[PDB]
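Peer 1: Below are the structure tokens for one structure; questions will follow.
In this analysis, Cβ positions are derived from the backbone assuming ideal geometry, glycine residues included, and neighbour counts consider all displayed protein chains. Please treat every number below as a calculation from the coordinates, not as lab data.
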Amino acid sequence: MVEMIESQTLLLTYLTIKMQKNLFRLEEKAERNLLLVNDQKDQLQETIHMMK
Amino acid sequence: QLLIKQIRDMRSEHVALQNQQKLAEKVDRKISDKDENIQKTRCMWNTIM
């Protein structure tokens, strides 16, 4: 019984570490994409204001 | 999604404003004489009053 629980713990832990590593990579790519688009928004906003 | 919507709206606004500026520049060359005309008018009034 102790050997079975340990095997379960190993599976869960493996899944967890694998997911966390791949999630951090997505979050970083996402934030970068948002900042790039936000910067484009900011340039357009300044040009519109000057024209007005 | 929010950012996409905002950029689209701003682009539309920018085109509209560009059309309005092109109509206004056909009138402006002669501005180099404003401060001088105001002071001239003020001076004429001061003389009369």
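Peer 1: How many of the residues making up the stretch B:9-41 are under 30 Å from A:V37 (Cβ atoms), hydrophobic (A, V, I, L, M, F, W, C) and under 13 Å from the mean Cα position of the chain (by Cα)?
Peer 2: Qualifying residue count for the region: 1.
Peer 1: Considering only the stretch B:24-42, I want to know if a residue exists there that is in contact with a helix residue (DSSP H, G or I) (Cβ under 7 Å, 6 or more places away or on another chain), within 11 Å of chain A (Cβ to nearest Cβ) and assigned to a helix (DSSP H, G or I).
Peer 2: No, that holds for no residue.
Peer 1: Still on this model: Please state which one of A:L23, A:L11, A:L44 is facing chain B (nearest Cβ under 10 Å) and part of a helix (DSSP H, G or I).
Peer 2: A:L44
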